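Working notes, beginning with the structure itself.
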Amino acid sequence: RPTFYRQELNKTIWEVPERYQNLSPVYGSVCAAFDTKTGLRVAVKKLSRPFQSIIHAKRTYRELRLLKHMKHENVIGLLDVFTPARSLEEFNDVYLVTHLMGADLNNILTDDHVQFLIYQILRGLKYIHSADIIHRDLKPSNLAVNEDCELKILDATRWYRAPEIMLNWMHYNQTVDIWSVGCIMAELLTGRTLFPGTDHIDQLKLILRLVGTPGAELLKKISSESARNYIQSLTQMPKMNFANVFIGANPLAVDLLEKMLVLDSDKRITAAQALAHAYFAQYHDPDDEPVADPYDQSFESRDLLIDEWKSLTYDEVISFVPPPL
Ligand SMILES: Nc1ccc2c(NCc3ccc(F)cc3)nc(-c3ccccc3)nc2c1
């Protein structure tokens, strides 16, 4: 049990172990800090109102469980989790400590940079997807890149969302993330957002303008009559030739985009399949693209009181084991 020191940052009081020094500000508030134990720069996130409602309390619990499970080089992992509280009764504040990453992918490329960056994302997604976890919100601001161009996955928003999440299909799979990667890859190659839509309707028109309106083989798999009516109403756009839209790009890169930006998610390439694509021949190492331990998601289907979620979160703070140096 370490000793804590109080401090006021951006009109909030931070109580953190003395082990973390020189706090500097950057869902919750985040501070950069120096960690005297590892000698490394860290990010300390103080959650805001972590147990205000059932939804917050479950969301706090979910976030701690996910971070505690991620042990992979291209996914953000948990260095430490702590509370100033000495008991469950006083437990009201949760802090999360992770590696401070240099910048996000948003604020920044040759084809070799794009290969390395997209390769690291797919490698992280393979790990995440193997544990039955879907990210659902992949976008450049959720991708941290240091000076070495080493990338970690963290955590408009609509520009990277899969068409089946736009239409609220209840049974989408992991490939909603592959769609996002496709949109990201296309932005890195061209400098431009692929689908910069102003709202949900406009967003889908821009998508269908590139990938074409869906054929009868995809229509026969849509369960919502209203969605089916809507889709068939809109004007028939032809599938464009990616080799023309992405003119001058590496043709292996165009080929991967065509396999990622597929409307039908049953036919969209997976992260593991994409890792073996020729586009990543330089980097692909099948002996060095691990999968994750199983992840118990059964709590997602539970309806519990705020104090029960809080209690379950307290247990996970106590049982936390720091990763090895
Ligand atoms: N097996 C599959 C494969 C893809 C599906 C899918 N793709 C999203 C989509 C978006 C736009 C469009 F024009 C055509 C399809 N949506 C839906 C769906 C279901 C209910 C409500 C809305 C979308 N079910 C699917 C089932």
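Whatever order the structure lists them in is the order used to number ligands and atoms, beginning at 1. Positions are given from 1 along the sequence.
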Give a yes or no on whether the ring-centroid distance for [X] and [Y] is below 6.0 angstrom.
X	Y	answer
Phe280	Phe116	no
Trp159	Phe195	no
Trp14	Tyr95	yes

Checking a contact table here: which protein heavy atom is nearest [atom], and how many Å away?
atom	value
atom 19 (C) of ligand 1	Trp169 CD1, 3.3 Å
atom 1 (N) of ligand 1	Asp266 OD2, 2.9 Å
atom 4 (C) of ligand 1	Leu218 CD1, 3.5 Å
atom 12 (C) of ligand 1	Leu263 CD2, 3.9 Å

(message) Can you tell me if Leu88 has over 12 outside heavy atoms packed within less than 6.0 Å of its CG?
(response) yes
For [X], take its heavy atoms, then give the atoms of ligand 1 lying under 4.0 Å from any of them.
X	value
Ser224	20 (C), 21 (C)
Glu164	7 (N), 8 (C)
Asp264	3 (C)
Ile231	13 (F)
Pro214	13 (F)

(request) Give a yes or no on whether the backbone of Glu147 and the side-chain of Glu150 come within a donor-acceptor separation of less than 3.5 Å. (result) no
(message) Heavy-atom pairs closer than 4.0 Å: do any link ligand 1 to the side chain of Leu167, the backbone, both, or neither?
(response) both
(message) I need the contact type for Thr213 against ligand 1. Using non-hydrogen atoms and a strict under-4.0 Å cut-off, is it side chain, backbone, both or neither?
(response) neither
(message) Can you tell whether the side chains of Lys259 and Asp255 come within less than 4.0 Å, N to carboxylate O?
(response) yes
(request) Any side chain to side chain donor-acceptor pair (under 3.5 Å) involving residues 236-250? Give me the pairs, sequence neighbours left out, ordered by first then second residue. (result) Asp111-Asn250
(message) For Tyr61 and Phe299, take the angle between the two ring planes, folded into 0 to 90°, and tell me which bin it lands in: parallel under 30, tilted 30 to 60, perpendicular over 60.
(response) perpendicular
